[PDB]
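Visitor: The structure under discussion is supplied below as structure tokens; questions concerning it will follow.
Here Cβ is always computed from backbone atoms with ideal geometry, including for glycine, and neighbour counts include all displayed protein chains. Rule-based calculations on the coordinates, nothing more; no lab input.
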Amino acid sequence: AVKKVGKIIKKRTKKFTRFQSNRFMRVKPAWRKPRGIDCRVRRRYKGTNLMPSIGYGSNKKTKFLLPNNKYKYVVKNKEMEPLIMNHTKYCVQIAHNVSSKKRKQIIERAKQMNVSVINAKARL
Amino acid sequence: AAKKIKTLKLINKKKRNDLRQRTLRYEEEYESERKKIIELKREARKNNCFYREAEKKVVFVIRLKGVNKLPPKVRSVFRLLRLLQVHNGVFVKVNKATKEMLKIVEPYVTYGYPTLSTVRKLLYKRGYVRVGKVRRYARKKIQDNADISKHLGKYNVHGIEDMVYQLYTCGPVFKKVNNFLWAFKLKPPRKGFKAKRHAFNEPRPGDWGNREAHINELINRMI
Amino acid sequence: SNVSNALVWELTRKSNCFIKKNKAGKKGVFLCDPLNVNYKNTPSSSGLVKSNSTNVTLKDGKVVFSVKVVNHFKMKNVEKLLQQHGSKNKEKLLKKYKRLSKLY
Amino acid sequence: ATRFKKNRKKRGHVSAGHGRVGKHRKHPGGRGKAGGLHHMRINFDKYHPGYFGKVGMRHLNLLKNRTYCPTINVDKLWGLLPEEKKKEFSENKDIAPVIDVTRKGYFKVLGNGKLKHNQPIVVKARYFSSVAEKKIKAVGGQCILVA
Amino acid sequence: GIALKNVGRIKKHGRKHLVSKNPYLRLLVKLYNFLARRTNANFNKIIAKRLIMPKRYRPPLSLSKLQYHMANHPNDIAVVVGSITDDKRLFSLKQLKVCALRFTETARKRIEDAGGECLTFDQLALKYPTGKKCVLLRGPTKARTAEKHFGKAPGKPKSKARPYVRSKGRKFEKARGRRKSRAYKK
Amino acid sequence: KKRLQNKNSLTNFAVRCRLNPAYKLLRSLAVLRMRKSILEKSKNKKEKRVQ
RNA sequence: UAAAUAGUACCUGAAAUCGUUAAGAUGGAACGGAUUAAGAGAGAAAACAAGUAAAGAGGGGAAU
RNA sequence: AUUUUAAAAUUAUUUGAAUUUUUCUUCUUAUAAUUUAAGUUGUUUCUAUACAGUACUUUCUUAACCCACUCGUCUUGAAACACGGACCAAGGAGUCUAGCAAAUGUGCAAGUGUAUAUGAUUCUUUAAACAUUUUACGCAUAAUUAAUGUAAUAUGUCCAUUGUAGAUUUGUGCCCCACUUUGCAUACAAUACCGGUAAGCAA
RNA sequence: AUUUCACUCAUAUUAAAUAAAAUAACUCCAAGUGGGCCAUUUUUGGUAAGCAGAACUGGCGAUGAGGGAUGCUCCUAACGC
RNA sequence: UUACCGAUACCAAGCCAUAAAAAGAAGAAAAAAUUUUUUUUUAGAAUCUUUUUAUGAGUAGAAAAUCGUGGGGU
């Protein structure tokens, strides 16, 4: 069912799973388009692992923005200069390969910059 | 550089007043026709003579079946007459040649004489207009008179009641108005058809064929 | 000649050392020219494409003023220098300075 | 440049872009041009008509070195020499150029073109053509043999 | 569904963008397509379309043909989308005003000595944006050799298609179906 | 121009009057027709049938 | 010895498989698609609170 | 942020008139706002006076109504009483070369390519880059016939063959169409002219 | 028969009607294909066949959705969310 | 004979993508406190930005935009 929250209108959840990935371990949950001949999914039988298509794509007016109504952006060491102007539009996430000292300085600068952080409590 | 705005305003006012006079004459014509037909039939019954009114010269037609499983000639005639969907509807002039080509599409269509109220309702309610440049029309609802005057006003039919008259009476302008007016998209009936698979004139209940004066009733649920 | 302001844009828009893309959020695209009042990648605002421009940025602990040919300087002083080299964007630059000042 | 190949777009397609019903088989028609006059003859008769059969007598050891003769049409003669010398020759009505085409590396002079009226030119070439000679002498020029 | 040819989507034919990845020419087309969009003159539209054509359809045009075609009216400026090649088969040239993309040093020297001037498309835009007093020309498109293999298949009756041959000796494609003596002919 | 909510050209009085310039005249005439008394018909019902 | 969950099959130690504990389900298949409802986990970046006075810890830069 | 404006209607004035003959009667002269114009706005609560919970969002497991035949394959016809598949992890298949053609991009352009090879205070990287005294060759500039060979208007003029349309172009009635001016490219023809073979003549 | 001149033959709805008629016309490169089948109607051989073989058209294959309990072809109807 | 139930067909609206289409190479708005401060923006990227319409099935088959992997200059 479509989920409606504020202004972001999402049309689908339950990230799609590969056909037959239930009773076959070697088939991983990552989706693929089965080619086959009589492969059911291609025929689109009534109610059996319906496949992704273009129609499920959300609205580009709101597409990439996160429930924070704010696009996310990665940071590594000190790259906060391009964030000063658009503090109402871009949230910042620390890269997972950042040590505690650098992450501490980044969180210090960001908090006074007044920009939200996603993984604030990382490795501490 | 500012006189143009006021000049356009007087142009609009002149167009409005002229359209007023046009629709008054049209309303005169309709009541005149009704009075004439009533008095002629009364005179016919008074004397020993009979009076028959000619066919209405304009026919509204609707497609009934889908797209698959059709004869190639049938599909070609549909594409030539602009009946593409399964509930599209169009007006056609009445000529012996036109009726002859309609004869080879009768089983899949329903065609009849318009009557005035329902053609007015169709124009106001479900009417849509090709607006843009040739072959790039970009169908758009009427909602106004600017575009109709822009493209069709050349022949001095700018307005909406002008279209109403030019349609209900077989007048000078069809190949322009009918080409201008997008095919009507019709809603399914309020109650439903009788039998898509049997003719109307058959004693068994059925629908396809010639309905003449009856088509207005089914249009009133088509809308 | 052989170069122009409009010309350099079609050589910089793709292959640059100052453009940073946003891998996670595809909507993000930023340009880090030290002569940009805003980091939006556009040929009407990029410092390396404008005929003459200026902004305010940070350089290792202190806010540094720069005017395009590339003169380097050191709030009342900020506004007096801004009107000294003045040419919307003026007050935007002053606001940018006042926001950047608070940062350690 | 390998990921630009067509094959890199059909990894998950079973047939690899070489058909399913027909299948891809090694040398279906036959190796090489094997279908001559038996089953592939329609292609030969449609695109290379005169491929089959032999015509003409035999030159045993041609030794192409003998009958080598580059050709120059008669109109390009003025273009051979530099344009400033062209201007001075055109200006003066008393001097005419001499073009020993052997120096340039040309042997025969052919008659195609249209020279400039009322201007003589001296030409020196191992061979001439009749129409070229007619054109040259029609404007006061002279053909001079050389060897 | 609908009964529409090509399911009702309009399909054109031609270049939708310049595949030519060349910054100066990209800038130039950005200028002329804008001129066409703003103005209403077909001259700008045509020249903008012609700057998008492939390399094989902006062909060289020789000085002889160019001068011959301006021989009717002497005061106008020629515009040719391709480059213009110098022709050594010409003797003298007279006061020619041209506008092309590329040149050849010999042709440049010849035209400068003649006394004209090489107008580049920037100068053409700055001087005559409405196409005034400019005649549009292009060299022979189909005269290129690869078209000699086109048309009817070589071997068709009354066909004039050069067949692909390793050489043109007396044993290469000269016996069967080309002379009455050996089977049929053509 | 942006597409707006296409007003119902059959009941929305303002847009209908915009479309047809004489609609308010016609409706006023209809109201005047409908706003008549009933005694007139009560005494003309015979007069319109005996003839 | 820094680590012995590095102890001579000795860097990391996934999967098929098996074990333990817990929770749940169990009338000839199991697993699933779409819609939920109940449970059990987690979760603050929109899921209310900017500033305003005071005091504790810090910090910075301009002015001389 | 230069059509959410115009008018369109409504109210309340005023203007003249009208007619179906008047409290939704109509047509504007002039005024100020309303919106039925010109895509849903307002009011009261709750969340809630808290920093993680039973609420709130989400993952997972269970159930519930409806539906759902093992995939891959050759096949007109696959779930088949057609064949391979007990399971898992790793490896596993349109590549490379010579030659040609076509499409595209680039340089140069009647020329093009610098080949073998040559010189240099280049001589970790340098098995690369640079450079090439006034016809070396390939491919192209002209074709054709087995072949001796022959070889593209023709000196009236540095006009450059002729038609039918045909893009532009200069103007007459700074944006259309009809009138004369140029006639790209090309398309369909016609003409000449070169080789070849016929035929007539023929020293 | 040709060329050049006269003159002018609806063209403002357009030498009948109607036309999402320029989604055209052409040229080039190239893959798959080259065992078919079912259905109303016509029809050949055979007694007949879910047979063998053809004919105008539509489908199936290449395709699911609702119905015929159920079905590769029947009826409605062809699929973005 | 009415009334009904009955589709991924039809109609109205919303969103996606494709194709076409119309058009484009520089300025202050509002709210909250109390005239002054604070609070959000003040946009111009042509294989782009704004907007309109139409359409949306597919095996063999072809093309485009794409997402990753071992390396290499930058």
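Visitor: Divide, for chain D, the radius of gyration over alpha carbons by 2.2 N^0.38 Å, where N is the residue count.
Guide: 2.00
Visitor: Quick one: angle between helix E:105-114 and the longest Cα principal axis of chain E, in degrees between 0 and 90, rounded to 10, please.
Guide: So the inclination is approximately 50 degrees.
Visitor: Considering every residue in E:3-15, what mean count of other chain Cβ atoms within 10 Å of its Cβ is obtained?
Guide: Per residue, the average neighbour count from other chains is 1.
Visitor: May I ask which of B:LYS65/B:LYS103; C:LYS26/C:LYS96; B:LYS93/B:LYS191 have a Cα-Cα span longer than 20 Å here?
Guide: Where the Cα-Cα span goes over 20 Å, the pairs concerned are C:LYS26/C:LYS96; B:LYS93/B:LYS191.
Visitor: Next question, about the same structure. Separation of segment E:87-130 and segment E:19-76 by C-alpha centroid, Å?
Guide: Spelled out, the Cα-based centre of one part sits 14 Å from the other.
Visitor: Sorted by average packing, counted as other Cβ atoms within 10 angstrom per residue and highest first, what order do B:5-11, D:122-128 take?
Guide: Sorting B:5-11, D:122-128 by mean packing, highest first, produces D:122-128, B:5-11.
Visitor: Also, quick follow-up: Please work out the Cα center distance from segment B:39-112 to segment C:1-79, rounded to the nearest Å.
Guide: 71 Å
Visitor: Which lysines have a Cα lying under 20 Å from the Cα of B:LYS46, excluding residues fewer than 8 positions away in the same chain?
Guide: B:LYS46 reaches B:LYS35, B:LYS36, F:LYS48.
Visitor: Across peptide F:15-23, how many C-beta atoms of other chains are within 10 Å of each residue C-beta, on average?
Guide: 6
Visitor: Could you tally the net charge around A:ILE94, taking each other residue with its Cβ under 9 Å from the Cβ of A:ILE94, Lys/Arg +1 and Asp/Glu -1?
Guide: My count for the surroundings of A:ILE94 gives +3.
Visitor: Taking only the C-alpha atoms, wrap a convex hull around chain C and report its volume per residue in Å³ as a whole number.
Guide: 137 Å³
Visitor: Still on this model: Residues in segment B:105-136, backbone N under 17 Å from the label point at B:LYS150 (7 Å along the Cα-to-beta-carbon vector): list them, ranges by number please.
Guide: B:128-136
Visitor: Let me ask something else about it. How much net charge surrounds B:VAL92 when only other residues with a Cβ under 11 Å from its Cβ are counted (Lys, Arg +1; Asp, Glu -1)?
Guide: That sum, taken over residues with Cβ under 11 Å, equals +4.
Visitor: Another question, if that's okay. Among DSSP beta bridges whose residues both lie in the protein assembly as shown, state the antiparallel percentage, nearest 5.
Guide: In the protein assembly as shown, approximately 50 percent of DSSP beta bridges are antiparallel ones.
Visitor: What is the distance, in nm, between label points placed 7 Å from the Cα along the Cα-to-Cβ direction at C:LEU103 and at E:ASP122?
Guide: Each label point is offset 7 Å from its Cα along the Cβ direction, giving 3.9 nm.
Visitor: Another question, then. Calculate the translational D of segment B:115-178 in whole µm² s⁻¹ from Stokes-Einstein, where the hydrodynamic radius comes from the Kirkwood formula applied to all Cα pairs, the temperature is 10 °C and the viscosity 1.306 mPa s.
Guide: 130 µm²/s
Visitor: Once both labels are modelled 7 Å past Cα along the beta-carbon direction, what's the D:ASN112-E:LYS160 spacing in nm?
Guide: Distance between label points: 1.6 nm.
Visitor: Still on this structure, please answer the following. Could you list C:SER1, A:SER100 so that the one with the fewest beta carbons within 10 Å of its beta carbon is first and the one with the most is last?
Guide: Sorted ascending by nearby Cβ count, the order is C:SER1, A:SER100.
Visitor: If you don't mind, there's one more thing I want to ask. With N denoting the number of residues in chain B, provide Rg(C-alpha) divided by 2.2 N^0.38 Å, to two decimal places.
Guide: Relative to the 2.2 N^0.38 Å estimate, chain B comes out at 1.17.
Visitor: Hey, another quick one. Relative to a virtual label point 7 Å from the Cα of F:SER28 in the Cα→beta-carbon direction, which members of segment B:7-26 show backbone nitrogen distances below 20 Å?
Guide: B:13-26
Visitor: Still on this structure, I have one more. Per-residue Cβ counts within 10 Å, from other chains only, averaged over C:13-26: what number is that?
Guide: Shielding by partners across C:13-26 averages 3.
Visitor: Please compare each pair in A:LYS89/C:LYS14; E:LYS55/E:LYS186; C:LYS50/C:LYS95; F:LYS1/F:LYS24 to a cut-off of 26 Å on the Cα-Cα distance and tell me which ones are over it.
Guide: Where the Cα-Cα span goes over 26 Å, the pairs concerned are E:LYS55/E:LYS186; F:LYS1/F:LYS24.
Visitor: Can you bin every Cα-Cα distance in the protein assembly as shown into 20 Å intervals starting at zero and give me the percent of pairs per bin, rounded to whole numbers?
Guide: Over the protein assembly as shown, the share of Cα pairs per 20 Å bin runs 8, 21, 30, 26, 13, 2, 0 percent.
Visitor: Same structure, new question: Give, to the nearest whole percent, the P(r) tail of segment D:1-86 beyond 20 angstrom, counting all Cα pairs.
Guide: So the portion of pairs separated by more than 20 Å is 74 percent.
Visitor: I've got another one for you. Taking just the alpha-carbon atoms of chain A, what radius of gyration and Dmax come out, in angstrom?
Guide: 20.6, 61
Visitor: Given Cα positions, please report Rg to Rh for segment E:20-149, the hydrodynamic radius being the Kirkwood one.
Guide: Here the Rg-to-Rh quotient is 0.96.
Visitor: Quick one: D:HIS48, B:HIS214, fewest Cβ neighbours within 10 Å first, how do they rank?
Guide: Listed from fewest to most nearby Cβ atoms, that is B:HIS214, D:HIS48.
Visitor: Which residues in segment E:34-54 have a backbone N closer than 13 Å to a point placed 7 Å from the Cα of E:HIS73 along the Cα-to-Cβ line?
Guide: Under cut-off, by backbone N: nothing.
Visitor: Scattering from the C-alpha atoms of segment E:118-186 alone, worked out with Debye: what is log10 I(q)/I(0) at q = 0.18, 0.27 1/Å?
Guide: Per q value, in the given order, log10 I(q)/I(0) is -0.81, -1.21.
Visitor: If you don't mind, another one. Taking the alpha-carbon centroid of each part, what is the distance from chain F to segment D:76-129 in angstrom?
Guide: Centre-to-centre distance over Cα atoms comes out at 100 Å.
Visitor: With 10 angstrom as the radius, rank B:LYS69, D:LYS23 by how many other C-beta atoms surround their C-beta, starting from the fewest.
Guide: Sorted ascending by nearby Cβ count, the order is B:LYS69, D:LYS23.
Visitor: Return the calculated 222 nm mean residue ellipticity for the protein assembly as shown, to the nearest 500 deg cm²/dmol, obtained by summing -39500 (n - 2.57) across DSSP H runs with n ≥ 4 and dividing by the residue count.
Guide: After summing the helix terms and dividing by the residues of the protein assembly as shown, the value is -9000 deg cm²/dmol.
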